[PDB]
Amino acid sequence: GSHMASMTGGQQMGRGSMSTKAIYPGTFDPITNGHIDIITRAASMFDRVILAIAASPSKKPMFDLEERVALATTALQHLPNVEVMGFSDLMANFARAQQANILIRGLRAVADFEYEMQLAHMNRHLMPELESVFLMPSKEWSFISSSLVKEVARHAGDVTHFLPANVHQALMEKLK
């Protein structure tokens, strides 16, 4: 009500809008225009957003953690309420450590919907106070992935439309 701290600290649910802090996890190897679109949209609706970059992914990434964090930091510099960080745990544990209450997930294909629903249930089990939120990609970026952009670039296909300049330069450098 006013000076009610003496009485209560407050609950998350039932009581109006709360401060929101979102994590957007991935490998971002490297970050594409599709990722930038998702995080831009998320940063417009939530107070703070962390782009969380996985340190040790299952498959060895083309860019190391340091390179991935640096490229993403530059690409997202124009968003005041976004921070880029590496992590090496369950997304649920990183979110707990970072006191985040929102998990951002991109939803590209029908094939992925089943898996995403399963992960959301598991994350609710691990961290009940973490809410998963799902954003569909713009039509423009609906077919791109980091993986497809790399494979196209490896055979000299034009991918300038799909990446920010900083990332495009770094990628060309990686491929000779």
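Note that the rigid core is defined as the largest set of C-alphas that superpose within 1.5 Å between two forms. The first residue of the sequence shown is number 1, and the count goes up from there.
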Greatest C-alpha divergence in 7 other deposited structures of this protein once each structure is fitted on the rigid core, 105 to 113 or 41 to 49: 105 to 113
Entry-level comparison of average CA B-factors, 112 to 120 and 63 to 71, reporting the higher stretch: 112 to 120
Stretch with the greater mean C-alpha B-factor as recorded in the entry, comparing 103 to 111 against 22 to 30: 103 to 111
Position of residue 35 among the chain's modelled residues by C-alpha B-factor, lowest, middle or highest third: lowest
Third of the chain, ranked by Cα B-factor, where residue 167 sits: lowest
Ranked C-alpha temperature factor of residue 152 among modelled chain residues, by third: lowest
Chain third (lowest, middle, highest) by recorded CA B-factor, residue given as residue 48: middle
Third of the chain, ranked by Cα B-factor, where residue 132 sits: lowest
